Amino acid sequence: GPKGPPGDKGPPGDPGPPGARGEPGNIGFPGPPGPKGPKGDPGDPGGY
Amino acid sequence: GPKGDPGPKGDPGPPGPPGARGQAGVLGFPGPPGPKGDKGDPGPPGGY
Amino acid sequence: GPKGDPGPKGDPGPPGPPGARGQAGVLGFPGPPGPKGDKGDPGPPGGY
């Protein structure tokens, strides 16, 4: 007898998932030194 | 009559989206203490 | 003859690419201030 018509193209494939989240950034550099300290006290007056 | 041929395979699924960016890194540690201040100015003459 | 069967499901899509690296953490705070400088020298001797 006569062959039947061909079947439908199949359903579409599954969508891919999102990529992984990037790695979090590195810890920041340590800060610089504190400010230089204040100037010393003035000397005593000279003696007599 | 004979059965029709099976249909062809479906279209592929789309690739997934790129992942999110990582989180920003941790803030750096504090720096060290600052350097010592300069020496003070001399005192005045005795009897000033 | 009867219509053919549907084709197979499509291939799955691949994962998305990995996300970008997170931004570097910021630099840390400065350290504490340095110590005060030395006391100044004594002044010159005075008359009386």
# chains A, B, ... in the order shown; residues from 1 in each chain; ligands from 1
$ residues_around --residues "range 27-31 of chain C" --least-positions-apart "3" --cutoff "12 Å" --atoms "only C-alpha atoms" --output "PDB file with N, CA and C atoms, in the first residue's frame"
ATOM      1  N   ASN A  26      39.299  40.092  44.717  1.00  0.00           N
ATOM      2  CA  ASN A  26      40.310  39.943  45.757  1.00  0.00           C
ATOM      3  C   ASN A  26      40.080  40.925  46.923  1.00  0.00           C
ATOM      4  N   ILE A  27      40.602  40.566  48.102  1.00  0.00           N
ATOM      5  CA  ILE A  27      40.683  41.527  49.192  1.00  0.00           C
ATOM      6  C   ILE A  27      41.538  42.712  48.759  1.00  0.00           C
ATOM      7  N   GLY A  28      41.144  43.919  49.194  1.00  0.00           N
ATOM      8  CA  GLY A  28      41.889  45.101  48.839  1.00  0.00           C
ATOM      9  C   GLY A  28      43.279  45.129  49.457  1.00  0.00           C
ATOM     10  N   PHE A  29      44.123  45.957  48.878  1.00  0.00           N
ATOM     11  CA  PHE A  29      45.457  46.189  49.442  1.00  0.00           C
ATOM     12  C   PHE A  29      45.285  46.725  50.870  1.00  0.00           C
ATOM     13  N   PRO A  30      46.260  46.414  51.746  1.00  0.00           N
ATOM     14  CA  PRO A  30      46.355  47.101  53.045  1.00  0.00           C
ATOM     15  C   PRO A  30      46.490  48.562  52.814  1.00  0.00           C
ATOM     16  N   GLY A  31      46.006  49.334  53.779  1.00  0.00           N
ATOM     17  CA  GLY A  31      46.119  50.773  53.676  1.00  0.00           C
ATOM     18  C   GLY A  31      47.576  51.260  53.901  1.00  0.00           C
ATOM     19  N   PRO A  32      47.837  52.516  53.560  1.00  0.00           N
ATOM     20  CA  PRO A  32      49.147  53.103  53.788  1.00  0.00           C
ATOM     21  C   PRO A  32      49.347  53.376  55.269  1.00  0.00           C
ATOM     22  N   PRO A  33      50.552  53.721  55.664  1.00  0.00           N
ATOM     23  CA  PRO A  33      50.772  54.131  57.043  1.00  0.00           C
ATOM     24  C   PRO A  33      49.928  55.324  57.413  1.00  0.00           C
ATOM     25  N   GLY A  34      49.708  55.444  58.710  1.00  0.00           N
ATOM     26  CA  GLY A  34      49.102  56.620  59.279  1.00  0.00           C
ATOM     27  C   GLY A  34      49.953  57.846  59.024  1.00  0.00           C
ATOM     28  N   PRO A  35      49.415  59.037  59.322  1.00  0.00           N
ATOM     29  CA  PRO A  35      50.221  60.248  59.160  1.00  0.00           C
ATOM     30  C   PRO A  35      51.406  60.267  60.101  1.00  0.00           C
ATOM     31  N   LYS A  36      52.439  60.988  59.680  1.00  0.00           N
ATOM     32  CA  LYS A  36      53.576  61.251  60.539  1.00  0.00           C
ATOM     33  C   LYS A  36      53.084  61.940  61.800  1.00  0.00           C
ATOM     34  N   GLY A  37      53.740  61.614  62.910  1.00  0.00           N
ATOM     35  CA  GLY A  37      53.346  62.169  64.179  1.00  0.00           C
ATOM     36  C   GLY A  37      53.647  63.661  64.268  1.00  0.00           C
TER      37      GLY A  37
ATOM     38  N   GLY B  25      35.265  42.654  46.142  1.00  0.00           N
ATOM     39  CA  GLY B  25      36.074  42.080  47.192  1.00  0.00           C
ATOM     40  C   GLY B  25      35.959  42.821  48.515  1.00  0.00           C
ATOM     41  N   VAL B  26      36.438  42.147  49.556  1.00  0.00           N
ATOM     42  CA  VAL B  26      36.540  42.700  50.889  1.00  0.00           C
ATOM     43  C   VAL B  26      37.546  43.862  50.938  1.00  0.00           C
ATOM     44  N   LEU B  27      37.209  44.860  51.737  1.00  0.00           N
ATOM     45  CA  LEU B  27      38.104  45.978  51.949  1.00  0.00           C
ATOM     46  C   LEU B  27      39.404  45.565  52.613  1.00  0.00           C
ATOM     47  N   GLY B  28      40.518  46.171  52.200  1.00  0.00           N
ATOM     48  CA  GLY B  28      41.806  45.833  52.754  1.00  0.00           C
ATOM     49  C   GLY B  28      41.928  46.123  54.253  1.00  0.00           C
ATOM     50  N   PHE B  29      42.915  45.501  54.887  1.00  0.00           N
ATOM     51  CA  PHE B  29      43.208  45.766  56.284  1.00  0.00           C
ATOM     52  C   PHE B  29      43.805  47.163  56.469  1.00  0.00           C
ATOM     53  N   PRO B  30      43.691  47.731  57.673  1.00  0.00           N
ATOM     54  CA  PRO B  30      44.382  48.996  57.962  1.00  0.00           C
ATOM     55  C   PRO B  30      45.846  48.917  57.788  1.00  0.00           C
ATOM     56  N   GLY B  31      46.408  50.057  57.424  1.00  0.00           N
ATOM     57  CA  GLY B  31      47.855  50.199  57.385  1.00  0.00           C
ATOM     58  C   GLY B  31      48.503  50.241  58.755  1.00  0.00           C
ATOM     59  N   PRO B  32      49.826  50.283  58.769  1.00  0.00           N
ATOM     60  CA  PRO B  32      50.573  50.363  60.012  1.00  0.00           C
ATOM     61  C   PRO B  32      50.508  51.761  60.586  1.00  0.00           C
ATOM     62  N   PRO B  33      50.959  51.907  61.842  1.00  0.00           N
ATOM     63  CA  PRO B  33      51.102  53.248  62.420  1.00  0.00           C
ATOM     64  C   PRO B  33      52.085  54.077  61.604  1.00  0.00           C
ATOM     65  N   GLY B  34      51.872  55.381  61.631  1.00  0.00           N
ATOM     66  CA  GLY B  34      52.740  56.328  60.962  1.00  0.00           C
ATOM     67  C   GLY B  34      54.088  56.499  61.627  1.00  0.00           C
ATOM     68  N   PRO B  35      54.985  57.156  60.887  1.00  0.00           N
ATOM     69  CA  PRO B  35      56.321  57.443  61.418  1.00  0.00           C
ATOM     70  C   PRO B  35      56.303  58.515  62.501  1.00  0.00           C
TER      71      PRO B  35
ATOM     72  N   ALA C  24      37.911  44.314  42.493  1.00  0.00           N
ATOM     73  CA  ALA C  24      38.814  44.227  43.633  1.00  0.00           C
ATOM     74  C   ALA C  24      38.254  45.034  44.792  1.00  0.00           C
ATOM     75  N   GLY C  34      51.518  58.414  63.722  1.00  0.00           N
ATOM     76  CA  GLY C  34      52.782  58.171  64.390  1.00  0.00           C
ATOM     77  C   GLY C  34      52.863  58.882  65.722  1.00  0.00           C
TER      78      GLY C  34
END
$ residues_around --residues "residue 12 in chain B" --least-positions-apart "3" --cutoff "12 Å" --atoms "only C-alpha atoms" --output "list in words"
residues 9, 10, 11, 12, 13, 14, 15 and 16 of chain A; 9 and 15 of chain B; 8, 9, 10, 11, 12, 13 and 14 of chain C
$ write_last_selection --atoms "N, CA and C atoms" --output "short mmCIF file (atom, residue, chain, number, x, y, z; two decimals), in the first residue's frame"
data_model
loop_
_atom_site.label_atom_id
_atom_site.label_comp_id
_atom_site.auth_asym_id
_atom_site.auth_seq_id
_atom_site.Cartn_x
_atom_site.Cartn_y
_atom_site.Cartn_z
N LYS A 9 8.93 17.25 12.50
CA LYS A 9 10.20 17.58 13.16
C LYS A 9 9.98 17.57 14.67
N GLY A 10 10.99 17.09 15.39
CA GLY A 10 10.91 16.93 16.82
C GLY A 10 10.83 18.25 17.55
N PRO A 11 10.52 18.19 18.84
CA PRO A 11 10.42 19.39 19.66
C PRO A 11 11.80 19.98 19.89
N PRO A 12 11.86 21.25 20.25
CA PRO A 12 13.16 21.88 20.42
C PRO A 12 13.85 21.44 21.69
N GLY A 13 15.17 21.50 21.64
CA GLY A 13 15.97 21.14 22.80
C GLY A 13 15.84 22.09 23.97
N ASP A 14 16.30 21.62 25.13
CA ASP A 14 16.23 22.41 26.36
C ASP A 14 17.19 23.59 26.28
N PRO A 15 16.80 24.74 26.82
CA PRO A 15 17.72 25.87 26.87
C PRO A 15 18.85 25.54 27.83
N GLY A 16 20.03 26.05 27.52
CA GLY A 16 21.16 25.95 28.42
C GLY A 16 20.94 26.81 29.65
N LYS B 9 15.18 15.38 13.81
CA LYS B 9 15.40 15.92 15.15
C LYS B 9 15.02 17.39 15.21
N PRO B 15 21.96 28.49 23.86
CA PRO B 15 22.93 28.54 24.95
C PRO B 15 22.37 29.42 26.04
N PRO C 8 13.06 13.04 17.27
CA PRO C 8 13.55 13.23 18.64
C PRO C 8 13.65 14.69 18.99
N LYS C 9 13.63 14.92 20.28
CA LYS C 9 13.88 16.24 20.82
C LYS C 9 15.28 16.72 20.45
N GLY C 10 15.37 18.02 20.20
CA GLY C 10 16.66 18.64 19.89
C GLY C 10 17.68 18.52 21.01
N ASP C 11 18.95 18.70 20.61
CA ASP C 11 20.03 18.75 21.56
C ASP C 11 19.84 19.91 22.53
N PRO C 12 20.28 19.75 23.78
CA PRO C 12 20.19 20.85 24.75
C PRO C 12 21.23 21.89 24.40
N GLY C 13 20.94 23.13 24.80
CA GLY C 13 21.93 24.16 24.68
C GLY C 13 22.96 24.11 25.80
N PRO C 14 24.16 24.59 25.53
CA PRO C 14 25.20 24.55 26.54
C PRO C 14 25.01 25.63 27.59
#
$ residues_around --residues "range 37-48 of chain C" --least-positions-apart "6" --cutoff "8 Å" --atoms "only C-alpha atoms" --output "PyMOL selection string"
(chain A and resi 37-48) or (chain B and resi 36-48)
$ calpha_fit_rmsd --fixed "chain B" --moving "chain C"
2.6 Å
$ atom_distance --atom1 "CA of residue 1 in chain A" --atom2 "CA of residue 6 in chain C"
21.6 Å
$ atom_distance --atom1 "CA of residue 24 in chain A" --atom2 "CA of residue 21 in chain B"
7.8 Å
$ residues_around --residues "residue 2 in chain C" --least-positions-apart "5" --cutoff "7 Å" --atoms "only C-alpha atoms" --output "PyMOL selection string"
(chain A and resi 4) or (chain B and resi 3-4)
